[PDB]
Amino acid sequence: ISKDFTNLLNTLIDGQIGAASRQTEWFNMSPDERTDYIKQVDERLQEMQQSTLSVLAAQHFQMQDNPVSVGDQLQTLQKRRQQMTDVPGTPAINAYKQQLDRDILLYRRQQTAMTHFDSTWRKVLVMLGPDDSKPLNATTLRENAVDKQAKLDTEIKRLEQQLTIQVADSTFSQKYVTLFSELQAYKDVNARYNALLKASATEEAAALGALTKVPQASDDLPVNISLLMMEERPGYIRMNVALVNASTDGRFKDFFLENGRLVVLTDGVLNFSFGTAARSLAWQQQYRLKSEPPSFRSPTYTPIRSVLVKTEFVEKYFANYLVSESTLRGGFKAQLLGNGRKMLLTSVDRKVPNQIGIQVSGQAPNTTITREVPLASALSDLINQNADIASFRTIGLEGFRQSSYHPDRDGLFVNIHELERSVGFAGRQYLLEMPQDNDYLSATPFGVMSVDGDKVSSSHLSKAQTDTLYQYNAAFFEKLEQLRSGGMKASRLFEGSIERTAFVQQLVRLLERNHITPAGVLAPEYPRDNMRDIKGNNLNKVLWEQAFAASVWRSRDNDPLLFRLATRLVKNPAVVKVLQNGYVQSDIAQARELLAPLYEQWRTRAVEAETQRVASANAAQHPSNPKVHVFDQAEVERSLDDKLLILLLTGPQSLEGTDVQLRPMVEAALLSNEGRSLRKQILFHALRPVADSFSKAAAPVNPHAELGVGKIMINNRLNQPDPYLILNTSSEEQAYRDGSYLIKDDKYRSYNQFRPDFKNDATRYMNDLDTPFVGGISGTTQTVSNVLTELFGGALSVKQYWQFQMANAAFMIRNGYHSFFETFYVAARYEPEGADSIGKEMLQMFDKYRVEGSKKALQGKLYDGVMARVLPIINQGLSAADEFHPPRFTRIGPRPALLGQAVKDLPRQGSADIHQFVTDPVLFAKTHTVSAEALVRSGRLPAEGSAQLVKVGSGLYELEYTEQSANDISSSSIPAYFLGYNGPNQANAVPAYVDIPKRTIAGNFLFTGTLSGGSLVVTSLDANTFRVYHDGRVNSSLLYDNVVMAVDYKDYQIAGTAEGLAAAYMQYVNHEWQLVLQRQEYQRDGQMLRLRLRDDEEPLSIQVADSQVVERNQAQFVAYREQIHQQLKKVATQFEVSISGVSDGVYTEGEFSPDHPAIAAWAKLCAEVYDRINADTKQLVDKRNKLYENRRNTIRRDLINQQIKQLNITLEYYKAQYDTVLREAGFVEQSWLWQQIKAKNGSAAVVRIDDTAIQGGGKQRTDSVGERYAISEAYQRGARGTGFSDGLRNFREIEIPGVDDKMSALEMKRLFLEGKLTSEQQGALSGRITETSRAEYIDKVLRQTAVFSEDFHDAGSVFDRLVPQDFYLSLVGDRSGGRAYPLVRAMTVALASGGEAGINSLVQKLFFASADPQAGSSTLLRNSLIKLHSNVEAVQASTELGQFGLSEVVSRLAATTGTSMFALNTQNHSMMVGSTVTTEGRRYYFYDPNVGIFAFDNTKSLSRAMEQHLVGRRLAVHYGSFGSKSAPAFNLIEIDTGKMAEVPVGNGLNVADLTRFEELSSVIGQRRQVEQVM
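Residues numbered from 1 in each chain as written, not as in the entry; some residues may be left out. Heavy atoms only, no water.

As named in the PDB entry, the protein chain is Toxin protein, taken from Photorhabdus luminescens.

Laid out in structure tokens, this is it:
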């Protein structure tokens, strides 16, 4: 809370960053992350105070010998409290008191219950016994039976009744405990009495014993009283059941709420448990009680499902099980449920009482044979009867979803959240400081951490050490507690104080000692390449290396080599040495589980050997010793593990004898994924001792000059074991005993023993490359790779070598033994000499990148540099469908691959609410937002198809077109008629239309793409059919004739704005079509966007067919045009522009045009009044750029950042106030022009039936075939009768004249744009085009994105950003080639207006929009790059210069002055090229949308790069450039960034607006927040 504490944290943060070397756990944060970090700092400091210093207080106190006794627990605790009621208040003290108090309450309750139980037992024995005239004996008890059994029953009934009434009591109470104890005593004594009556003469004495044996020793409780102590509220126990994982897909056992009922996901679960631990293991050891065995806590670690359940149910079946005392139980008990079902109870733990394996089973419902089967539904219903429906909960569920989100990764931890989720967790143990040694050291409350190069240990604290540690740490924490509240005034840590500096010097080492550092706790969603992991390695490189290791590990590709290796290797005697390794014994333990039936059969053999041991010991002559007359556990266990090892190395073919009968089972096991992974993870461990056993000397075959010739500088480690990462992984509780201990060697210890030696040259080299570091250059990999020719017994092919060597590198990364680099370096040093060897290059490439990394962030360039050289050697034999490809490195975290195995088989499902929508479409449309986006990003929708909804959010559904039949109603789909989307260009003469029956039978709905600046017009074509037109012009309803229904822009326009958005569709209802309009908007909702129904007006409105609609609109349009001319006259007067002579020129002649003389006065007036504000705002635009240039380059972001916000607010006022006016003036002018053209020349001049009568704004515009095709496949103009869909569905059977499979994609695109073929032929040719196109894009570009990065690098580039291969503007058609033409037009605005920061922001936007393809922003972006394919405003921003050879283009750039940009718009594709010259010299840029954007300092370098790229690798021929193969010719188009920036892309966004440093939800927020608010 205190500002002073916040300033202190900011001070040490900034200072600790400034002190950083490379490789540090601090890094610079976002100014939002800053706050999340500080929040977690404060929270975890409070956790320390309550949960470790408090327990230390409980040992500085209690040092004096109070009365202590294991029996007088209550009294011991009571006096420990009265010892300390005098102690001053302090959070560690308060937490200690409160813990001791709650334990006092529990022990008091238990002691009360046990007392009243015993008194009741004695009372009932007196009641059942004879009068004092006789001794208590079985005879008199038998004589009493007929009366006093009924008396016992009567009392039991009375007690049960009274207790059931008392269960209405709101909390545990003396009466409740009393009655419960009485009931248990009566029940148990009744049972024992009846057993005595049933006891035989031989049992009678034992049953009388069991009656006289009162549990008065109190050595264990009555079971039901233990359950009483487990009750969470009187009459209820908390049940829980623990998941393997949250089972969203059914892979795991689960128990979850579904429709208010609780539901077990599977028919029985081994993982139930009851109750909850009374205290943490820390307190458990502080009381020095027995801790609960770890087999309760070990088996799972993910969120847990729990509810309160009625104690009677628990005590009926499960008290038979739940006793902690060793009552005889087998593996199982089967319990008859009253419905005739079984419940099976399973001894899933042989020691712990309160965790249970449970199964319900019974006669299979509705079956021909009475087989009993398990029944999850029966268990669910029985629980729902016995459960409370209230206070079901899942423990930690939000914590999981806010830190892991899902089962995150197949590799080691990266931050403490992933550590704490991992299987190694048990409980968060903070360490604290023991500073009274000469230098500071780390201690637990129980012990100080002894550390050694080999070993880490604790010596338990003697009293003087506890007094030191407590008094010091408490003195520090008291200061911290003061600073949060009394501030600097209280704490006296004034800015000049030496005490302040000492204090900070202590806090910083506290925050390092515990990994509360930023790299420890932030765990972001998408990792900026700045961020660093818990060891200070670069975060993104670690994530990528983990995803690489996983992908290599999962492929089935290398297995024929590795298992050949294993089959040979197993014959060496040294392999036995592998088994006594400590780490191998982690995982062969899992093999004992996987092969359990065989392993059991083996052990049943092995236990025979004991009999031969004892026999041999007796056969020895006159044995003076039981020489081996013993069961040697270690002998059998060794022999068994050795057998399991051999059966894992050599295949199941090794099975022999009777076990061949089980061999089909073993074969089925070992080929599982879990089988293969274990079967090789034991192999690589087995490899090391064998390699060592040859002792062949080191002899690398490739020399390297930079790092010492002839040797390697292996290992390169400093041993500096981290104590926190050790103790926060499960050591044995022997550490917790308050006794000195040596900690286990878990596998992670290999991850935690080592730290880089900054003095060594190899470290200096690696720190120049800035690889991750883990344990240095792998001398192990040297020792292995030196002898491969002897392990395999012959030379490897470079293919076989690189296969083995990549699998080994994956094994090393997977187990956390080394980095990628730490292995591949020695591989490249050891790669065999040979015609295809590649290590020489790889070394030179490392050196080349070293001399860079000392200066620049390599951002993964190294990994691509390696994979470019390895992959074509690995994949050398394979088909393109079967090649291996690793995940691809990116600025965002590593994304999945796009080729080969990773895709092979590795649509949205839709929701049945479609039937509700069908049932009441009006109510549905009133209550849910129906969006249409997928009806925009599909072109060429059929005339007839299946329509379905998909749910996306709360009341939010999307339509999709689909091919699935409605006769699978599970498709959630119905017959409907679609209408294609028409384009946004106001020059369009050819609207989209389709014809549908009056009195339809075939289908009852019609859908269209989202309306944004267009009209839906319904007209009556004849007696029986409507023609429905989607026209892309505003106000189009005025232009057609015989209009019977229409929705124009004005009907859904937000008044006083350019903004509008609406879904429109048609429905056949009450025997007539109804035009249904659902007005929408985009709205901001917590740094995201969503659609919603518009709430400021009726979201739905409806027209039946009408006649007067034309007149009704026309009057409105005339008035509105007059009114907007008033608006513009006003504003122009406000800026002093002369309106004289501005009026409509009488339309005399000619086609539609912008800047036609008739409107020229209005257009000029707009253009000028716009200039009067555009020049004005530019003065702030420059200032804003100056600001962003200082924001990127300074520490104190939040100082100046708000100024950005205020300048934005200022500008957006001007936009909101005047852009709307100018836009509306343009629209009303284009509309009046088109109306004049109709009025003079008739509708046939203003609507055309098809586009084949080629004409436009000029007689030809020489648009590339690529562009004119993409336009022809992202808008519908003309109808699409079924023939086109039939051709598309049959396109592999159909044949087309003058086409063959070896035509280029270009020559097909051309012939398709000839339009001469039938619709069935055009459908087939379209399909053939898309198939050929993506086959070529795969073969030419995705498979070679690696080498281009390196060509641009060593041609000399000075900045680069790869762009996502994956971002597509349409899921259908040619995905590859359609995005190029809009993207270059956006990018050139970005670059001209914001330089390298613009390019960064835009590529970030593309990345997010490809990672989350269905988030609101990624939809809006896709819907806003479309509408740049043919927007005539973009043609206003163009000038098609001639063809040029590349050299001339370069010379032209050299000739340019000031910023200038050019597209190349090659015949089938569009690179971009251009220059900026403002400062930092002249930088020349090049951009290929299939690869990335690159920059250069000099035109010589630029041409040297661009030639290599376009001709050196022949891509100019794949892009179909003009003229000769050598010296290709390109068009070029001198884009005017002054005008291109301002083209409308719908929803009121200028392209600049999508092209900006903020997120779209920011800009839209600012608009709503300054327009509608204020």
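That covers the picture; the talk isn't over yet.
Turning our attention to the overall build of the protein chain. Summing up its helical and strand segments, the protein chain has 55 helices and 38 strands in all. Relative to the globule expectation of 36 Å for 1574 residues, the C-alpha radius of gyration of the protein chain, 40 Å, shows essentially globular dimensions. For the protein chain, the spread of C-alpha atoms along the three principal axes comes to 135 × 85 × 80 Å. Burial status across the protein chain gives 52% buried among its 1574 residues. A total of about 73900 Å² of accessible surface is found on the protein chain, and carbon and sulfur atoms cover 50% of it. Taken together, the 173 basic and 181 acidic charged side chains of the protein chain have centroids lying 2 Å from each other. (Helix = DSSP H or I, 4+ residues; strand = E, 2+ residues; numbered from the N terminus. Rg over C-alpha atoms; globule rule 2.2 N^0.38 Å. Buried < 20%, exposed > 50% of the residue type's maximum accessible area, 1.4 Å probe, protein only. Areas by Shrake-Rupley, 256 points an atom, 1.4 Å probe, with all protein chains shown as cover. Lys, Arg positive; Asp, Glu negative; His and termini not counted. Charge placed at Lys NZ, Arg CZ, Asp CG, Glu CD.)

With 12 residues, helix α55 (residues 1560-1571) should reach 16 Å at 1.5 Å per residue; the first-to-last C-alpha distance of 16 Å fits that figure. Within the sequence span of α55, burial applies to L1560, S1561, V1563, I1564, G1565, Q1566 and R1567. (Expected span 1.5 Å × (residues − 1).)

Once that is clear, we can look at unusual backbone geometry. Despite not being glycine, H622 shows a phi value in the positive range, around 45°. Its location among the elements puts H622 in the loop between α23 (596-619) and α24 (633-649). Unlike most non-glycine residues, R940 shows phi in positive territory, near 55°. Structurally, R940 can be placed in the loop between β19 (929-931) and β20 (944-953). Its relative accessible area of 14% is what places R940 among the buried residues.

The next point concerns the pattern of salt bridges. Following the criterion strictly, the structure yields 68 salt bridges and no others. Taking the shortest distance from any N to any O, the salt bridge between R484 and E481 comes out at 3.1 Å. Highlighted residues: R484 and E481, both in helix α16 (residues 463-485), separated by three residues, approximately one helical turn. Residue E481 is classed as partly exposed on the basis of its relative accessible area of 27%. Here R1343 and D1339 are joined by a salt bridge, their closest N and O atoms 3.2 Å apart. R1343 sits in the partly exposed class, given a relative accessible area of 36%. (Salt bridge = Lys/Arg side-chain N within 4 Å of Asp/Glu carboxyl O.)

Another point: the nonpolar core. Counting residues in each nonpolar core, the largest one holds 87 residues, and the members touching the most others are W802, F804, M842, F846 and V866. Here this core takes 11 residues from helix α32 (residues 798-814), the largest share from any one element. In this view, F804 contacts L561, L562, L565, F684, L687, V784, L788 and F792; residues no more than four positions away in its chain are not counted. The next biggest cluster of nonpolar side chains, apart from the first, holds 76 residues, and it includes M84, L511, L725 and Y741. (Core = buried A, V, L, I, M, F, W, Y, C linked by side-chain atoms within 4.5 Å. Contact = heavy atoms within 4.5 Å.)

Turning our attention to helix α6 (residues 145-166). For α6, built from 22 residues, the straight-helix expectation of 32 Å at 1.5 Å per residue is met to within 8% by its first-to-last C-alpha distance of 30 Å. Those residues of α6 not exposed but buried are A145, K148, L152, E155, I156, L159, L163 and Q166. Summarising the axial view, the buried residues of α6 lie within an arc of 105°, below the 170-degree limit, and thus occupy one face. Exposed and facing more than 90 degrees away from the buried side of α6 are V146, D147, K157, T164 and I165. Looking at the buried side of α6, the elements it contacts are α4 (91-128), α5 (138-143) and α7 (174-198). (Arc of directions from axis to C-beta.)

All right, on to the packing of helix α41 (residues 1197-1241) against α55 then. To describe two helices that pack against each other, one gives the angle between their axes and the distance between the axes. For the pair α41 and α55, the least separation of the axes is 10 Å and the interaxial angle reads 65°. Judged by the inter-axis angle, α41 sits roughly perpendicular to α55. Crossing handedness for the pair α41 and α55: right-handed. Between α41, through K1205, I1209, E1212, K1215 and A1216, and α55, the contact on the second element is made entirely by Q1566, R1567 and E1571. Residue composition of the contact of α41 with α55, grouped by class: two nonpolar, one polar and five charged. (Axes fitted to C-alpha atoms, helices over the stretch in contact; angles between N-to-C directions. Parallel < 35°, antiparallel > 145°, perpendicular 65-115°, else oblique. Left-handed = near helix turned anticlockwise from the far one by under 90°. Nonpolar A, V, L, I, M, F, W, Y, C, P; charged D, E, K, R; others polar.)

Once that is clear, we can look at a nonpolar patch on the surface. A grouping of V607, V630 and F631 is seen on the molecular surface, where their side chains present a nonpolar patch of about 220 Å² in accessible area. One can find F631 in the loop between α23 and α24. For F631, a relative accessible area of 34% gives the class partly exposed. (Patch = residues over 30% accessible without salt bridge, like charges linked within 9 Å, V, L, I, M, F, W, Y side chains within 5 Å.)

Relative to the elements of secondary structure, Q166 occurs in helix α6. When its relative accessible area of 12% is taken as the criterion, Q166 is described as buried. At 3.2 Å, the side chain of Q166 and the side chain of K175 are in polar contact. With sequence-adjacent residues up to four places away left out, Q166 is seen in contact with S173, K175, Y176 and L179. (Polar contact = N/O pair within 3.5 Å; in protein donor to acceptor, adjacent residues only side chain to side chain.)

This paragraph deals with the pairing of strand β36 (residues 1483-1488). Buried residues dominate β36, accounting for six of its six residues. The alternating pattern of β36 places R1483, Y1485 and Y1487 on one face and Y1484, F1486 and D1488 on the opposite face, and all of these are buried. Judged from the five bridges that link them, strand β35 (residues 1472-1476) and β36 form a sheet pairing that is antiparallel. Bridging across to β36, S1475 finds its partner in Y1484. Counted along the chain from β35 to the antiparallel partner β36, the turn is six residues long, and its residue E1480 has a positive phi close to 70°. Here β36 pairs with strand β37 (residues 1492-1496) via five bridges, running antiparallel. Across the sheet, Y1487 pairs through a bridge with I1493, a residue of β37. (Pairing = 2+ DSSP bridges.)

Read across the sheet, four strands follow the order β23-β26-β25-β27 without closing on themselves; strand pairing throughout is antiparallel. Each edge of the open sheet carries a strand with a single partner, namely β23 (992-997) and β27 (1043-1047). Adjacent strand axes in the sheet meet at a mean angle of 20° when their direction is disregarded. Two elements, strand β25 (residues 1015-1020) and β27, share four bridges in a ladder whose sense is antiparallel. Directly across from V1018, in β27, lies its bridge partner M1045.

Attention shifts here to the packing of helix α39 (residues 1109-1134) against helix α40 (residues 1160-1191). At a closest axis distance of 11 Å, the pairing of α39 and α40 adopts a crossing angle of 45°. When the axes of α39 and α40 are compared, the pair comes out oblique. Relative to α40, the crossing made by α39 is left-handed. For the pair α39 and α40, the contacting residues are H1125, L1128, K1129, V1131 and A1132 in the first and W1162, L1165, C1166 and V1169 in the second. Within the contact of α39 with α40, the residues separate by chemical class into seven nonpolar, one polar and one charged.

Attention now moves to the packing of aromatic side chains. Think of a pair of aromatic rings as described by two things: how far the centres are apart, and how the planes are tilted against each other in angle. For the structure on display, the rule yields 54 aromatic pairs. Pairing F313 with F318 gives two aromatic rings, centres 4.9 Å apart and planes at 80°, and the pair type is edge-to-face. In terms of burial, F313 and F318 fall into one category: buried. If you follow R509 out to its NZ or CZ, it ends over the ring of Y440, 3.6 Å from the centre. For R717, the ring lying beneath its charged end belongs to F754, and the centroid distance is 4.5 Å. (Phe/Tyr/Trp six-rings, centres within 6.5 Å; stacked < 30°, edge-to-face > 60°. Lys NZ or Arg CZ within 6 Å of the ring centre and 35° of its normal.)

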